[PDB]
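A single chain, nothing else alongside it, follows as structure tokens in the form deposited in one PDB entry.
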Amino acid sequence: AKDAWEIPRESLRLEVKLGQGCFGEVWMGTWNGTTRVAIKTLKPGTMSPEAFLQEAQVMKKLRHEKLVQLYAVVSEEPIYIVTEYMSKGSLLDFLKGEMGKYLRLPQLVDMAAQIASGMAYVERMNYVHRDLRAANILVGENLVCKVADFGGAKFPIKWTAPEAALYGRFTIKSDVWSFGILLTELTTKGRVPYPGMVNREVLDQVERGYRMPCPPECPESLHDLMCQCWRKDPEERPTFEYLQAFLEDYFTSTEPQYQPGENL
């Protein structure tokens, strides 16, 4: 006796290795021979089985067309987590790669709108992401983007709100700060934010009120949105609901005069 999420081990086929960790592996493959899936492995005796199925428990109560969807679990060791497959890989890779170069503002704002949509769901459900950035966004056909999480210790300090990096105060509002940084990533073809700066200068500078400038060819109105996401006070930051609707309507309500340029 166990979950309706459980599947028989023969229904899974692991076709292509998408990468490795110290806790296991991730593969693209097939489920019931018909459906393309992403499959995550737990190397047994390298981390708690309970600690691995934590994610799966969380992903069970999560269901949105812009969050990576859990498909199934093999909940006894060797454990397996199975999700939908996103054919185009990370937004980060997609932005810097050969696709990057044809993306203009209308595709990029649309992508931001989807991510804001997935995040407004996270907001509605009172969850926190904690590592929102282009490396945790997945791209599918048709420029579908979805919010993922691939997993102190380390720090993506550059994407992380000050009250979070410094005192561990992670909220939906610290995700909003990150979303602002993700907007720069989307407008610079995936360049690392705060160019030339290192972690300590970023922390020193942002604390004194430095904010990245408007990217080249990015409308000021979009840079203003970023700046609202970067307000010193976490509660001055807007909601993802606001963000989602601002970006959906962008080319009618905010930049109706927009003309394509060289990069954006």
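Throughout, rigid core stands for the largest set of C-alpha atoms superposing within 1.5 Å between the two forms. The numbering used is simple: start at 1 and walk along the sequence shown.
Unshown form deposited in another entry; subsequent notes refer to it.
> So which one of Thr239, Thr35, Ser221, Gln228 actually moves, Cα shift of 2 Å or more between this form and the one not shown once the core is superposed?
Residue with a C-alpha shift of 2 Å or more: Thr35.
> Once the core is aligned, please say if the CA of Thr171 is shifted by at least 2 angstroms between this form and the one not shown.
No; that C-alpha moves by less than 2 Å between this form and the one not shown.
> If you line up the core, does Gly209 shift 2 angstroms or more at its C-alpha between this form and the one not shown?
No, the C-alpha position differs by under 2 Å between this form and the one not shown.
> For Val198, is the C-alpha shift between this form and the one not shown 2 Å or more after core superposition?
The answer is no; the displacement is under 2 Å.
> Might you say whether the CA atoms of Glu55 and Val68 end up closer or farther apart in the other entry than in this form? Their distance differs by 3 Å or more.
It is farther: the C-alpha separation of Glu55 and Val68 rises by at least 3 Å in the other entry.
> Are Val128 and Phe23 closer or farther apart at the Cα level in the other entry than shown, by 3 Å or more?
Between the C-alphas of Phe23 and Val128, the gap narrows in the other entry (3 Å or more compared with this form).
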